[PDB]
Structure formats: C-alpha cells, structure tokens
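Data file: target_25.pdb. Format and content: PDB, C-alpha atoms and all ligand atoms.
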ATOM      1  CA  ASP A   1      -4.492 -12.188 -14.372  1.00  0.00           C
ATOM      2  CA  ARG A   2      -5.709 -12.109 -10.769  1.00  0.00           C
ATOM      3  CA  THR A   3      -5.211 -15.827 -10.012  1.00  0.00           C
ATOM      4  CA  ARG A   4      -2.328 -15.005  -7.620  1.00  0.00           C
ATOM      5  CA  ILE A   5      -1.903 -11.345  -6.628  1.00  0.00           C
ATOM      6  CA  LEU A   6       1.126 -10.046  -4.727  1.00  0.00           C
ATOM      7  CA  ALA A   7       0.579  -6.505  -3.457  1.00  0.00           C
ATOM      8  CA  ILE A   8       3.665  -4.671  -2.139  1.00  0.00           C
ATOM      9  CA  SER A   9       2.566  -2.125   0.502  1.00  0.00           C
ATOM     10  CA  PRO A  10       5.128   0.450   1.732  1.00  0.00           C
ATOM     11  CA  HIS A  11       3.585   0.729   5.245  1.00  0.00           C
ATOM     12  CA  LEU A  12       1.024  -1.148   7.324  1.00  0.00           C
ATOM     13  CA  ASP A  13      -2.192   0.348   5.897  1.00  0.00           C
ATOM     14  CA  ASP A  14      -1.298   1.569   2.374  1.00  0.00           C
ATOM     15  CA  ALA A  15      -2.507  -1.474   0.318  1.00  0.00           C
ATOM     16  CA  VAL A  16      -5.835  -1.799   2.133  1.00  0.00           C
ATOM     17  CA  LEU A  17      -6.481   1.948   1.874  1.00  0.00           C
ATOM     18  CA  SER A  18      -5.699   2.098  -1.851  1.00  0.00           C
ATOM     19  CA  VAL A  19      -6.582  -1.317  -3.366  1.00  0.00           C
ATOM     20  CA  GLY A  20      -8.547  -3.019  -0.548  1.00  0.00           C
ATOM     21  CA  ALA A  21     -11.823  -3.336  -2.491  1.00  0.00           C
ATOM     22  CA  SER A  22     -10.087  -4.733  -5.645  1.00  0.00           C
ATOM     23  CA  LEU A  23      -8.243  -7.189  -3.393  1.00  0.00           C
ATOM     24  CA  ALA A  24     -11.517  -8.201  -1.703  1.00  0.00           C
ATOM     25  CA  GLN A  25     -13.136  -8.525  -5.154  1.00  0.00           C
ATOM     26  CA  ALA A  26     -10.239 -10.686  -6.391  1.00  0.00           C
ATOM     27  CA  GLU A  27     -10.748 -13.020  -3.416  1.00  0.00           C
ATOM     28  CA  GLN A  28     -14.551 -13.070  -3.928  1.00  0.00           C
ATOM     29  CA  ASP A  29     -13.845 -13.942  -7.590  1.00  0.00           C
ATOM     30  CA  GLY A  30     -11.739 -16.953  -6.511  1.00  0.00           C
ATOM     31  CA  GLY A  31      -8.245 -15.486  -6.718  1.00  0.00           C
ATOM     32  CA  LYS A  32      -5.445 -15.578  -4.157  1.00  0.00           C
ATOM     33  CA  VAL A  33      -4.143 -12.418  -2.553  1.00  0.00           C
ATOM     34  CA  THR A  34      -1.012 -11.804  -0.489  1.00  0.00           C
ATOM     35  CA  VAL A  35      -0.016  -8.403   0.814  1.00  0.00           C
ATOM     36  CA  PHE A  36       3.692  -8.003   1.661  1.00  0.00           C
ATOM     37  CA  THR A  37       4.568  -4.833   3.626  1.00  0.00           C
ATOM     38  CA  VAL A  38       8.130  -3.538   3.246  1.00  0.00           C
ATOM     39  CA  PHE A  39       8.324  -1.295   6.312  1.00  0.00           C
ATOM     40  CA  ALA A  40       6.994  -3.741   8.919  1.00  0.00           C
ATOM     41  CA  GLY A  41      10.262  -4.255  10.862  1.00  0.00           C
ATOM     42  CA  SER A  42      10.634  -4.584  14.626  1.00  0.00           C
ATOM     43  CA  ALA A  43      11.531  -1.927  17.199  1.00  0.00           C
ATOM     44  CA  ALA A  44      10.578  -2.330  20.884  1.00  0.00           C
ATOM     45  CA  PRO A  45      10.523   0.378  23.597  1.00  0.00           C
ATOM     46  CA  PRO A  46      12.247   2.545  24.679  1.00  0.00           C
ATOM     47  CA  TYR A  47      11.918   5.023  21.797  1.00  0.00           C
ATOM     48  CA  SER A  48      13.303   8.411  20.748  1.00  0.00           C
ATOM     49  CA  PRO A  49      11.262  11.552  21.589  1.00  0.00           C
ATOM     50  CA  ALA A  50      10.717  11.979  17.813  1.00  0.00           C
ATOM     51  CA  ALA A  51       9.125   8.492  17.759  1.00  0.00           C
ATOM     52  CA  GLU A  52       7.325   9.114  21.058  1.00  0.00           C
ATOM     53  CA  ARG A  53       5.630  12.079  19.354  1.00  0.00           C
ATOM     54  CA  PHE A  54       4.297   9.973  16.484  1.00  0.00           C
ATOM     55  CA  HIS A  55       3.222   7.257  18.914  1.00  0.00           C
ATOM     56  CA  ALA A  56       1.387   9.708  21.224  1.00  0.00           C
ATOM     57  CA  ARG A  57      -0.519  10.935  18.125  1.00  0.00           C
ATOM     58  CA  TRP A  58      -1.595   7.347  17.412  1.00  0.00           C
ATOM     59  CA  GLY A  59      -2.850   7.055  21.011  1.00  0.00           C
ATOM     60  CA  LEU A  60      -0.046   4.741  22.210  1.00  0.00           C
ATOM     61  CA  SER A  61       1.671   4.945  25.654  1.00  0.00           C
ATOM     62  CA  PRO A  62       5.543   4.922  26.149  1.00  0.00           C
ATOM     63  CA  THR A  63       5.802   1.193  27.069  1.00  0.00           C
ATOM     64  CA  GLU A  64       3.719  -0.060  24.109  1.00  0.00           C
ATOM     65  CA  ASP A  65       5.463  -1.807  21.195  1.00  0.00           C
ATOM     66  CA  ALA A  66       4.212   0.274  18.261  1.00  0.00           C
ATOM     67  CA  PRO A  67       5.352  -1.751  15.221  1.00  0.00           C
ATOM     68  CA  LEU A  68       3.841  -4.837  16.929  1.00  0.00           C
ATOM     69  CA  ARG A  69       0.507  -3.027  17.466  1.00  0.00           C
ATOM     70  CA  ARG A  70       0.568  -2.033  13.749  1.00  0.00           C
ATOM     71  CA  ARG A  71       1.473  -5.546  12.556  1.00  0.00           C
ATOM     72  CA  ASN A  72      -1.522  -6.804  14.580  1.00  0.00           C
ATOM     73  CA  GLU A  73      -3.732  -4.159  12.978  1.00  0.00           C
ATOM     74  CA  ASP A  74      -2.522  -5.276   9.529  1.00  0.00           C
ATOM     75  CA  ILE A  75      -3.298  -8.962  10.309  1.00  0.00           C
ATOM     76  CA  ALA A  76      -6.873  -8.113  11.498  1.00  0.00           C
ATOM     77  CA  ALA A  77      -7.494  -5.980   8.382  1.00  0.00           C
ATOM     78  CA  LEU A  78      -6.104  -8.442   5.796  1.00  0.00           C
ATOM     79  CA  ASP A  79      -7.928 -11.397   7.422  1.00  0.00           C
ATOM     80  CA  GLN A  80     -11.221  -9.511   6.826  1.00  0.00           C
ATOM     81  CA  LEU A  81     -10.381  -9.233   3.093  1.00  0.00           C
ATOM     82  CA  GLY A  82      -9.360 -12.898   3.002  1.00  0.00           C
ATOM     83  CA  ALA A  83      -5.811 -11.872   2.026  1.00  0.00           C
ATOM     84  CA  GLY A  84      -2.547 -13.437   3.245  1.00  0.00           C
ATOM     85  CA  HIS A  85      -0.062 -11.133   5.049  1.00  0.00           C
ATOM     86  CA  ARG A  86       3.752 -11.132   4.954  1.00  0.00           C
ATOM     87  CA  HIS A  87       5.775  -8.698   7.114  1.00  0.00           C
ATOM     88  CA  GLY A  88       9.086  -7.240   5.820  1.00  0.00           C
ATOM     89  CA  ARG A  89      12.155  -6.332   7.872  1.00  0.00           C
ATOM     90  CA  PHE A  90      12.586  -2.616   7.066  1.00  0.00           C
ATOM     91  CA  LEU A  91      12.227   0.185   9.631  1.00  0.00           C
ATOM     92  CA  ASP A  92       9.820   3.054   9.146  1.00  0.00           C
ATOM     93  CA  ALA A  93      11.353   6.402   8.242  1.00  0.00           C
ATOM     94  CA  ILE A  94      10.436   7.477  11.772  1.00  0.00           C
ATOM     95  CA  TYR A  95      12.833   5.027  13.571  1.00  0.00           C
ATOM     96  CA  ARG A  96      15.669   5.989  11.166  1.00  0.00           C
ATOM     97  CA  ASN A  97      21.804   5.963   0.908  1.00  0.00           C
ATOM     98  CA  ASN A  98      18.721   5.849  -1.369  1.00  0.00           C
ATOM     99  CA  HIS A  99      20.360   3.327  -3.706  1.00  0.00           C
ATOM    100  CA  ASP A 100      21.417   0.937  -0.911  1.00  0.00           C
ATOM    101  CA  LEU A 101      17.869   0.860   0.467  1.00  0.00           C
ATOM    102  CA  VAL A 102      16.175   0.303  -2.923  1.00  0.00           C
ATOM    103  CA  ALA A 103      18.599  -2.535  -3.746  1.00  0.00           C
ATOM    104  CA  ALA A 104      18.013  -4.177  -0.331  1.00  0.00           C
ATOM    105  CA  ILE A 105      14.257  -3.873  -0.720  1.00  0.00           C
ATOM    106  CA  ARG A 106      14.424  -5.227  -4.303  1.00  0.00           C
ATOM    107  CA  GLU A 107      16.249  -8.444  -3.134  1.00  0.00           C
ATOM    108  CA  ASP A 108      13.506  -9.141  -0.569  1.00  0.00           C
ATOM    109  CA  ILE A 109      10.758  -8.468  -3.142  1.00  0.00           C
ATOM    110  CA  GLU A 110      12.450 -10.877  -5.584  1.00  0.00           C
ATOM    111  CA  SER A 111      12.563 -13.469  -2.761  1.00  0.00           C
ATOM    112  CA  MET A 112       8.848 -12.822  -2.110  1.00  0.00           C
ATOM    113  CA  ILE A 113       7.965 -13.237  -5.846  1.00  0.00           C
ATOM    114  CA  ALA A 114       9.856 -16.534  -6.089  1.00  0.00           C
ATOM    115  CA  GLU A 115       8.017 -17.735  -2.989  1.00  0.00           C
ATOM    116  CA  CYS A 116       4.461 -16.547  -3.840  1.00  0.00           C
ATOM    117  CA  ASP A 117       4.613 -17.230  -7.652  1.00  0.00           C
ATOM    118  CA  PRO A 118       2.208 -14.338  -8.477  1.00  0.00           C
ATOM    119  CA  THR A 119       0.450 -13.755 -11.842  1.00  0.00           C
ATOM    120  CA  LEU A 120       0.117 -10.034 -10.994  1.00  0.00           C
ATOM    121  CA  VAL A 121       2.148  -7.667  -8.816  1.00  0.00           C
ATOM    122  CA  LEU A 122       0.769  -4.362  -7.458  1.00  0.00           C
ATOM    123  CA  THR A 123       2.441  -1.481  -5.688  1.00  0.00           C
ATOM    124  CA  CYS A 124       1.866   2.249  -5.123  1.00  0.00           C
ATOM    125  CA  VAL A 125       2.394   4.920  -7.766  1.00  0.00           C
ATOM    126  CA  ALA A 126       3.806   7.107  -4.913  1.00  0.00           C
ATOM    127  CA  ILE A 127       1.412  10.035  -5.131  1.00  0.00           C
ATOM    128  CA  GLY A 128       2.108  12.076  -1.935  1.00  0.00           C
ATOM    129  CA  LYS A 129       5.867  11.612  -2.560  1.00  0.00           C
ATOM    130  CA  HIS A 130       6.626   9.744   0.693  1.00  0.00           C
ATOM    131  CA  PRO A 131      10.244   8.519   0.446  1.00  0.00           C
ATOM    132  CA  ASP A 132       9.165   5.001   1.605  1.00  0.00           C
ATOM    133  CA  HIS A 133       6.557   4.917  -1.168  1.00  0.00           C
ATOM    134  CA  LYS A 134       9.106   6.022  -3.772  1.00  0.00           C
ATOM    135  CA  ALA A 135      11.632   3.437  -2.512  1.00  0.00           C
ATOM    136  CA  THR A 136       9.000   0.627  -2.423  1.00  0.00           C
ATOM    137  CA  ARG A 137       7.728   1.457  -5.938  1.00  0.00           C
ATOM    138  CA  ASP A 138      11.206   1.728  -7.487  1.00  0.00           C
ATOM    139  CA  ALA A 139      12.354  -1.554  -5.914  1.00  0.00           C
ATOM    140  CA  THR A 140       9.129  -3.306  -7.027  1.00  0.00           C
ATOM    141  CA  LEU A 141       9.569  -2.125 -10.652  1.00  0.00           C
ATOM    142  CA  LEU A 142      13.067  -3.658 -10.774  1.00  0.00           C
ATOM    143  CA  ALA A 143      12.017  -6.901  -9.041  1.00  0.00           C
ATOM    144  CA  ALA A 144       8.872  -7.597 -11.151  1.00  0.00           C
ATOM    145  CA  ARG A 145      10.789  -6.812 -14.379  1.00  0.00           C
ATOM    146  CA  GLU A 146      13.632  -9.140 -13.372  1.00  0.00           C
ATOM    147  CA  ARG A 147      11.101 -11.904 -12.700  1.00  0.00           C
ATOM    148  CA  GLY A 148       8.868 -11.109 -15.724  1.00  0.00           C
ATOM    149  CA  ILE A 149       5.689 -10.570 -13.709  1.00  0.00           C
ATOM    150  CA  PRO A 150       3.001  -8.145 -14.964  1.00  0.00           C
ATOM    151  CA  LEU A 151       2.704  -5.030 -12.756  1.00  0.00           C
ATOM    152  CA  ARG A 152       0.264  -2.142 -12.024  1.00  0.00           C
ATOM    153  CA  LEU A 153       0.757   0.967  -9.921  1.00  0.00           C
ATOM    154  CA  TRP A 154      -2.133   2.084  -7.726  1.00  0.00           C
ATOM    155  CA  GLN A 155      -3.404   5.571  -6.839  1.00  0.00           C
ATOM    156  CA  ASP A 156      -2.294   6.091  -3.185  1.00  0.00           C
ATOM    157  CA  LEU A 157      -5.263   6.803  -0.874  1.00  0.00           C
ATOM    158  CA  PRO A 158      -6.485   8.946   0.776  1.00  0.00           C
ATOM    159  CA  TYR A 159      -3.604  11.114  -0.474  1.00  0.00           C
ATOM    160  CA  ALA A 160      -4.969  11.305  -4.071  1.00  0.00           C
ATOM    161  CA  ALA A 161      -8.361  12.542  -2.797  1.00  0.00           C
ATOM    162  CA  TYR A 162      -6.655  15.738  -1.624  1.00  0.00           C
ATOM    163  CA  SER A 163      -3.826  16.515  -4.051  1.00  0.00           C
ATOM    164  CA  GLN A 164      -1.553  15.831  -7.063  1.00  0.00           C
ATOM    165  CA  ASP A 165      -1.581  12.909  -9.586  1.00  0.00           C
ATOM    166  CA  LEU A 166       1.849  13.485 -11.195  1.00  0.00           C
ATOM    167  CA  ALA A 167       4.327  10.941  -9.783  1.00  0.00           C
ATOM    168  CA  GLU A 168       8.088  11.083 -10.664  1.00  0.00           C
ATOM    169  CA  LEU A 169       9.017   7.736 -12.216  1.00  0.00           C
ATOM    170  CA  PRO A 170      12.512   6.363 -12.835  1.00  0.00           C
ATOM    171  CA  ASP A 171      14.048   7.497 -16.170  1.00  0.00           C
ATOM    172  CA  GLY A 172      12.829   5.650 -19.297  1.00  0.00           C
ATOM    173  CA  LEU A 173       9.418   4.969 -17.704  1.00  0.00           C
ATOM    174  CA  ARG A 174       5.961   6.601 -18.026  1.00  0.00           C
ATOM    175  CA  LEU A 175       2.427   5.628 -16.935  1.00  0.00           C
ATOM    176  CA  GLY A 176       0.067   3.976 -19.415  1.00  0.00           C
ATOM    177  CA  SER A 177      -3.571   5.066 -19.477  1.00  0.00           C
ATOM    178  CA  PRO A 178      -5.342   4.908 -16.068  1.00  0.00           C
ATOM    179  CA  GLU A 179      -7.880   2.119 -15.484  1.00  0.00           C
ATOM    180  CA  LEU A 180     -10.800   2.039 -13.099  1.00  0.00           C
ATOM    181  CA  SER A 181     -11.312  -1.283 -11.341  1.00  0.00           C
ATOM    182  CA  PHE A 182     -15.001  -1.547 -10.442  1.00  0.00           C
ATOM    183  CA  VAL A 183     -16.172  -3.625  -7.497  1.00  0.00           C
ATOM    184  CA  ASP A 184     -19.527  -4.815  -6.135  1.00  0.00           C
ATOM    185  CA  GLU A 185     -21.108  -3.506  -2.910  1.00  0.00           C
ATOM    186  CA  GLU A 186     -19.733  -6.267  -0.689  1.00  0.00           C
ATOM    187  CA  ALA A 187     -16.129  -5.640  -1.831  1.00  0.00           C
ATOM    188  CA  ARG A 188     -16.502  -1.945  -0.865  1.00  0.00           C
ATOM    189  CA  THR A 189     -18.153  -2.911   2.447  1.00  0.00           C
ATOM    190  CA  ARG A 190     -15.275  -5.320   3.135  1.00  0.00           C
ATOM    191  CA  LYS A 191     -12.683  -2.619   2.294  1.00  0.00           C
ATOM    192  CA  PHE A 192     -14.198  -0.040   4.700  1.00  0.00           C
ATOM    193  CA  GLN A 193     -14.519  -2.620   7.501  1.00  0.00           C
ATOM    194  CA  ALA A 194     -10.904  -3.696   7.003  1.00  0.00           C
ATOM    195  CA  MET A 195      -9.757  -0.019   7.169  1.00  0.00           C
ATOM    196  CA  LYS A 196     -11.257   0.330  10.693  1.00  0.00           C
ATOM    197  CA  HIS A 197      -8.599  -2.090  11.960  1.00  0.00           C
ATOM    198  CA  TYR A 198      -5.745   0.388  11.390  1.00  0.00           C
ATOM    199  CA  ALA A 199      -6.964   2.463  14.338  1.00  0.00           C
ATOM    200  CA  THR A 200      -3.522   3.863  14.994  1.00  0.00           C
ATOM    201  CA  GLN A 201      -3.356   5.450  11.480  1.00  0.00           C
ATOM    202  CA  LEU A 202      -7.063   6.308  11.319  1.00  0.00           C
ATOM    203  CA  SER A 203      -6.634   8.307  14.501  1.00  0.00           C
ATOM    204  CA  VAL A 204      -5.017  10.848  12.082  1.00  0.00           C
ATOM    205  CA  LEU A 205      -6.564   9.912   8.698  1.00  0.00           C
ATOM    206  CA  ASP A 206     -10.095   9.737  10.191  1.00  0.00           C
ATOM    207  CA  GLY A 207      -9.440  12.272  12.933  1.00  0.00           C
ATOM    208  CA  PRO A 208     -12.148  14.828  13.833  1.00  0.00           C
ATOM    209  CA  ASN A 209     -13.712  16.301  10.595  1.00  0.00           C
ATOM    210  CA  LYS A 210     -11.474  14.173   8.261  1.00  0.00           C
ATOM    211  CA  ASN A 211     -14.138  12.830   5.853  1.00  0.00           C
ATOM    212  CA  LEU A 212     -12.351   9.585   5.410  1.00  0.00           C
ATOM    213  CA  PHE A 213     -15.051   7.100   4.315  1.00  0.00           C
ATOM    214  CA  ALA A 214     -17.214   9.851   2.784  1.00  0.00           C
ATOM    215  CA  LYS A 215     -14.082  11.354   1.148  1.00  0.00           C
ATOM    216  CA  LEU A 216     -13.195   7.953  -0.355  1.00  0.00           C
ATOM    217  CA  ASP A 217     -16.767   7.441  -1.659  1.00  0.00           C
ATOM    218  CA  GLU A 218     -16.740  10.939  -3.143  1.00  0.00           C
ATOM    219  CA  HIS A 219     -13.302  10.380  -4.742  1.00  0.00           C
ATOM    220  CA  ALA A 220     -14.504   7.062  -6.350  1.00  0.00           C
ATOM    221  CA  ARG A 221     -17.702   8.854  -7.369  1.00  0.00           C
ATOM    222  CA  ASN A 222     -15.798  11.745  -9.070  1.00  0.00           C
ATOM    223  CA  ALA A 223     -13.968   9.213 -11.288  1.00  0.00           C
ATOM    224  CA  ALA A 224     -17.161   7.415 -12.397  1.00  0.00           C
ATOM    225  CA  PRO A 225     -20.375   9.248 -11.336  1.00  0.00           C
ATOM    226  CA  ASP A 226     -22.787   6.521 -12.513  1.00  0.00           C
ATOM    227  CA  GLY A 227     -21.072   3.216 -11.697  1.00  0.00           C
ATOM    228  CA  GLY A 228     -20.342   2.382  -8.051  1.00  0.00           C
ATOM    229  CA  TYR A 229     -17.119   1.967  -6.059  1.00  0.00           C
ATOM    230  CA  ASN A 230     -13.817   1.871  -7.884  1.00  0.00           C
ATOM    231  CA  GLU A 231     -10.052   2.238  -7.521  1.00  0.00           C
ATOM    232  CA  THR A 232      -7.507   3.527 -10.129  1.00  0.00           C
ATOM    233  CA  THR A 233      -4.323   1.800 -11.280  1.00  0.00           C
ATOM    234  CA  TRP A 234      -1.899   2.327 -14.189  1.00  0.00           C
ATOM    235  CA  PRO A 235       0.252  -0.014 -16.262  1.00  0.00           C
ATOM    236  CA  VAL A 236       3.867   1.024 -16.851  1.00  0.00           C
ATOM    237  CA  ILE A 237       5.483   1.503 -20.193  1.00  0.00           C
ATOM    238  CA  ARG A 238       9.262   1.401 -20.578  1.00  0.00           C
ATOM    239  CA  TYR A 239      10.099   3.660 -23.553  1.00  0.00           C
ATOM    240  CA  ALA A 240      13.872   3.437 -22.869  1.00  0.00           C
ATOM    241  CA  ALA A 241      16.214   0.904 -21.252  1.00  0.00           C
ATOM    242  CA  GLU A 242      19.870   0.983 -20.273  1.00  0.00           C
TER     243      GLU A 242
HETATM  244 ZN    ZN B 301       2.402   4.827   3.492  1.00  0.00          ZN
END

Serialized structure, structure tokens:
Amino acid sequence: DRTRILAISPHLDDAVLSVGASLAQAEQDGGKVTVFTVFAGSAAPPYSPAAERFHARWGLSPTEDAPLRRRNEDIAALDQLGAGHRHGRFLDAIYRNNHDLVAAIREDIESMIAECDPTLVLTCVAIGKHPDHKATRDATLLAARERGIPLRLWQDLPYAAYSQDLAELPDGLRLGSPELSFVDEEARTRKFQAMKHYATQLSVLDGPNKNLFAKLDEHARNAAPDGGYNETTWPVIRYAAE
C-alpha cells in the first residue's frame, strides 16, 4: 500500500539511488512519499584531516560546511521526485557501541512513523555491508515491527551492480522472494535527474569511467531484459522470535 510511503535512507543519497524511480512512480500514481535520512546531522568547520580528505574528494574546500551542502543536495533531489524530506540527527561514520546506536536510531524512527503515519516503510537491505546501512536497517526492522507497519528492504545501488547480494540479517529473519518494481519512462527520467543533485557523491560514484547511469540501466536490464526500468526489493519473514 503506497498511499503513504516512509523511506529510511542511511545517508544523503542512498534512497534516491536505490528506490528513486519507484518513489517517483508512487508520487505519479497519487501516493505520498517522505524520505527520512538517519545520518544527516550537523558538523561545521573546522574538520579533522580524515574528514578533510573525504571532503577534498567531494570537491569541497576547508571552510565549506559539508553536511549542509549534502542536506541541500538531498532537498534539491527529493523536490524533483515530489518527495518530502526529513533530516535526522546522527553523524556520518566519517565524523565519528553498536547496540546503543541502533536503539537511539530506532527511537527516532518510531517518532518518525508516529508523525508520518505511513502505510509502507522502506529501507536498505545493506548490500555493501556499510555499518551505517546495517545500523539503519536493523533499527528500521525493530521500529516498523513495533508499530505494525509493512516493510520492504531495497537492493542498495550502485553497490549491487558491482558485487554481492547476500546480506546478514538479524537472527530469526530471512528475505522473502525478491520483487521487481517496474516503472514508466518518466519515473526513470525523474530518478536520473534527481541523482545529478548529489554532485558531492557523484564526484566518486560517477567519477571518470564510472558507468553510473549506463551501469544502472544495464543492472535493471539484467534483471528483466524485455520490460523497462525496475528496482528490486524484498519482504522480510520472521521465522523465529524471542
Ligand atoms: Zn550510504
């Protein structure tokens, strides 16, 4: 039920990159979309050399507020998909045990669910094994289950176009069968246009010779050679509870 979709993105870019066309298609179909990003917290200059290195790679200068730049990128992108944005308080791995973080994230996701009253929640399956993706996913599974909201896990992009598939779920959980969500040409066009806004991240992901848009078209194509642009998600089955 796509009437009210709440997508939980680990970082500023992940939702658009992975489910952007399905989100666009939901909005075109008359549904309501909100993307909440967990790791969208504030940090102004001055930064650590380790952060300066990541910033320099995004094309940012020492005095520029990076998380602000990225929050602005996220707003521009989501606006093009007709999706609402909500920015979470957590700091990217790069400006900073596991249980305390998951529990903190879960509380905020519960607060977001109560506020947005969604009929469907989405988050990443955490292909690529980023610890922020694992934390976001795990917290979202707990929060959506507590609030009895249906949930799907998406195939992280572009990461899935290069490698893996097998994600390591919490105990007692496994993935249901994968489902391809097909979209029309305008939803795909809107996705790719929205992706251009995350210029900071695309300076790596669509760096010289990265095939990003081609790679994404090819990936979608591999999954359904005859039937246009598509994105993969899975339902979650709980075979065992504590
Ligand atoms: Zn990410």

Worksheet item: Nearest to residue A:153 among A:114, A:223, A:19, A:93, with distances taken over only C-alpha atoms: which residue is it?
Response: A:19

Practice prompt. Considering only C-alpha atoms, return as a list in words whatever protein or nucleic-acid residues lie within 12 Å of residue A:242, sequence-local ones (same chain, fewer than 5 positions apart) excluded.
Written response: residues 170, 171, 172 and 173 of chain A

Go ahead and write the selection's residues with C-alpha atoms as a PDB file, keeping the file's coordinate frame.
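Output (part.pdb):
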ATOM      1  CA  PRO A 170      12.512   6.363 -12.835  1.00  0.00           C
ATOM      2  CA  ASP A 171      14.048   7.497 -16.170  1.00  0.00           C
ATOM      3  CA  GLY A 172      12.829   5.650 -19.297  1.00  0.00           C
ATOM      4  CA  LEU A 173       9.418   4.969 -17.704  1.00  0.00           C
TER       5      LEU A 173
END

Which residues come within 10 Å of residue A:104, counting only C-alpha atoms, excluding same-chain residues fewer than 4 positions away, as a PDB file with C-alpha atoms, in the frame of the given file?
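The new file result-v8.pdb reads:
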ATOM      1  CA  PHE A  90      12.586  -2.616   7.066  1.00  0.00           C
ATOM      2  CA  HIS A  99      20.360   3.327  -3.706  1.00  0.00           C
ATOM      3  CA  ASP A 100      21.417   0.937  -0.911  1.00  0.00           C
ATOM      4  CA  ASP A 108      13.506  -9.141  -0.569  1.00  0.00           C
ATOM      5  CA  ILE A 109      10.758  -8.468  -3.142  1.00  0.00           C
ATOM      6  CA  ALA A 139      12.354  -1.554  -5.914  1.00  0.00           C
TER       7      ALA A 139
END

Practice prompt. Please identify the residues whose atoms come within 7 Å of ligand ZN 301 (chain B), using all atoms listed in the file, and report them as a list in words.
Written response: residues 10, 11, 13, 14 and 133 of chain A

Practice prompt. Can you pull out every residue within 10 Å of residue A:65, counting only C-alpha atoms, but drop anything in the same chain fewer than 3 positions away, and send it as a PyMOL selection string?
Written response: chain A and resi 42-47+55+60-62+68-70

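Going from atom CA of residue A:226 over to atom CA of residue A:126, you cover 27.7 Å.
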
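Using only C-alpha atoms for every distance, the candidate list A:147, A:58, A:137, A:35 yields A:58 as the residue closest to residue A:207.
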
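Applied to the file shown here, the PyMOL selection byres (((chain A and resi 96) around 12) and not hetatm) selects the residues residues 39, 41, 43, 47, 48, 50, 51, 90, 91, 92, 93, 94, 95, 97 and 132 of chain A.
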
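Counting from atom CA of residue A:232, the distance to atom CA of residue A:178 is 6.5 Å.
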
Item to complete: Output the residue selection produced by the PyMOL selection byres (((chain A and resi 30) around 12) and not hetatm) on the file above, formatted as a ChimeraX atom specification.
Response: /A:1-5,23-29,31-33,82-83

Worksheet item: Applied to this file, what does the PyMOL selection byres (((chain A and resi 177) around 8) and not hetatm) return in terms of residues, put as a PyMOL selection string?
Response: chain A and resi 175-176+178-179+234-235

Please give the centre and size of the box around stretch 44-58 of chain A (axis-aligned, containing every atom listed in the file, 3 Å added per side), with values in Å to one decimal and written as AutoDock Vina command-line options.
--center_x 5.9 --center_y 4.9 --center_z 20.6 --size_x 20.9 --size_y 20.4 --size_z 14.2

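Taking only C-alpha atoms into account, residue A:174 lies nearest to A:141 out of the set A:8, A:103, A:116, A:141.
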
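By chain and then residue number, the residues within 9 Å of residue A:219 are residues 158, 160 and 161 of chain A, counting all atoms listed in the file and disregarding those fewer than 6 positions away in sequence.
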
Discussion item. Taking all atoms listed in the file into account, name the residue in A:145, A:198, A:162, A:129 that is nearest to residue A:238.
Written reply: A:145

Practice prompt. Considering all atoms listed in the file, return as number ranges by chain whatever protein or nucleic-acid residues lie within 10 Å of stretch 184-192 of chain A, sequence-local ones (same chain, fewer than 3 positions apart) excluded.
Written response: A: 16-28, 77-78, 80-82, 195-197, 212-213, 216-217, 227-230

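Note that the spacing between atom CA of residue A:169 and atom CA of residue A:236 amounts to 9.6 Å.
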
Worksheet item: Please, which residues are within 6 Å of (1.5, -4.7, 0.4) by the file's coordinates, counting only C-alpha atoms, and could they come as a count of residues only?
Response: 7

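Considering the residues A:86, A:200, A:106, A:163 and counting only C-alpha atoms, residue A:56 has its shortest atom-to-atom contact with A:200.
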
Worksheet entry | Among listed residues A:237, A:224, A:166, A:157, nearest residue A:205 (using only C-alpha atoms) | A:157
